[PDB]
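In the form deposited in one PDB entry, a lone chain appears below as structure tokens.
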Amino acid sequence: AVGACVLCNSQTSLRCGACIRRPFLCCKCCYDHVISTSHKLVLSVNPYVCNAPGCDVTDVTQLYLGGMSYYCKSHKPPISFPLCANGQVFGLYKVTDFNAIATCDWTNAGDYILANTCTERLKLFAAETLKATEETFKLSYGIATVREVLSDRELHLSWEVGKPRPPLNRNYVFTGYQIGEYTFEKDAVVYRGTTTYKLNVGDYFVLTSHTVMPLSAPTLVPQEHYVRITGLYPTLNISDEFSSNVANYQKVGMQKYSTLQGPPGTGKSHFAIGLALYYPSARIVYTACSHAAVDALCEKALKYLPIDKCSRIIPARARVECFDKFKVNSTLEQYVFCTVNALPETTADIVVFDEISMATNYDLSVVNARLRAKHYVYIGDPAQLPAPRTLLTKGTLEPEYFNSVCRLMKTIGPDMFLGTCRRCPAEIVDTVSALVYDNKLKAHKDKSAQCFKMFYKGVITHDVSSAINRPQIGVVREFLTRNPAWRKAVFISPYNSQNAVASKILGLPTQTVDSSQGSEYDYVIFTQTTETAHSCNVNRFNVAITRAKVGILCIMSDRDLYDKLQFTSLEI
């Protein structure tokens, strides 16, 4: 009932009752909030409501104090002070940006821009309000009842009438009834159970709606610069493999936190694991939002770090199969690999937060709350894909607004930059270097002469809103017959429905651009499918073409991105 103001920290008994997160607001800030917004309900020990029997006056601007009680203009006694006077709301211990965060629906890009350009306390308020709004929105979709079970991976579904149907992709995870977590892909629908269960008819699936806990810690702790490496002890015997990062490792020990921008295949995992070899006594917690990113760090650690000092932290409510080679849930091992939502309450000499473009400010703050560290290292690339913003429908979210770390990397620049791409053929490196890296990314490999582009719009059909381009898949099939080395290629597109069609017609393994992030393949076949803002996003385009080690075939819809591809053009 009593606490600190989310705008100026001033102690108060006031909480805004119309805010979904009921933030503590001081007399001055509470007034400036209620007078400028539709939010008029204020809560101290008791709510600011008219104490007269049967009276429904809840608006703090229409209320007064009659001794110790509160009454409206129609019930107040002769000796009564208006609650809203002289720029203040009466209570105990006697903002334009806060108003917009407190009242927005989170469907505009300007909402996310503000949630990142505001003060540190408003970034936490915005991140809590957003996540709570995203969860209360999950209650809007319809329930799925099972109609017929055809196979162990296919079924028919009956949807709730009157309530919209959720997009059927891997992003939407349903909880079935407790029969385990389940996912769906497109009359026949493909089912994937986290737990293997004999799918019963009539059984129902509902999207998992979880409680949003409040944020305490900042997204970024206050920066500290040191004259010497602090609390870390370097080797003198450091392997030549990691010699290239020694200056950067020293920078890591001379700052409270550091940012590393690593374009595709420039050495992010190598840098992250090498930091352990450079400070061999240091306890390092390796974290990321996804299980795939945490597993990719375990893969690199398995190669260089001692297996007995590693532990993979796996939450008991296991949703996907993850890294099985380290001792599980041994929180006290020198090297702890764990997703952000599973982090324990612990300390560390270094915390490495990988795939930073995927993190939200909610995740940035959670890490600072669970982990007390001497040093924090943020590794990622603001030119890669951010976390999906399910509520955002109007406007495009620029990289400087993905989270606080990404904002710093795009404004003041990253502290460290891995400038040499060792994965991609030079055609790909030169294309993305000009596109998203200001011509600062360099190619280690030569031009492979196996990078092709085809300008082919085809025909766009739609599975609900997920797009399909059968003529683009037909062009791929003709190319495959003439280029049999490409049999081993991974098929990539911005749409899961395009991928489902390509899987049946081509038989190639499939991946969306968003699920391909962090992975690499010898050959990639990419069909743009449409000319939407989604398929034309330069960050998605960057991730798509940088998956290839040897060759890439790009069947393009957009003239702009097609012309920017420094690939050999093909006819038909």
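Start at 1 with the first residue shown and count on from there.
Just so it is clear, the following notes concern the form solved in complex with a small molecule, a form of the same protein that is not shown.
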property: Interface residue in the entry with it bound among 447, 186, 457, 470, criterion: non-hydrogen atom within 4.5 angstroms of the small molecule; result: 447
property: Contact label in the entry with it bound: residue 131 to the small molecule, heavy atom within 4.5 Å; result: no
property: Per-stretch contact check against the small molecule in the entry with it bound, the hit in 151-159, 105-113, 191-199, 447-455 (non-hydrogen atom, 4.5 angstroms); result: 447-455
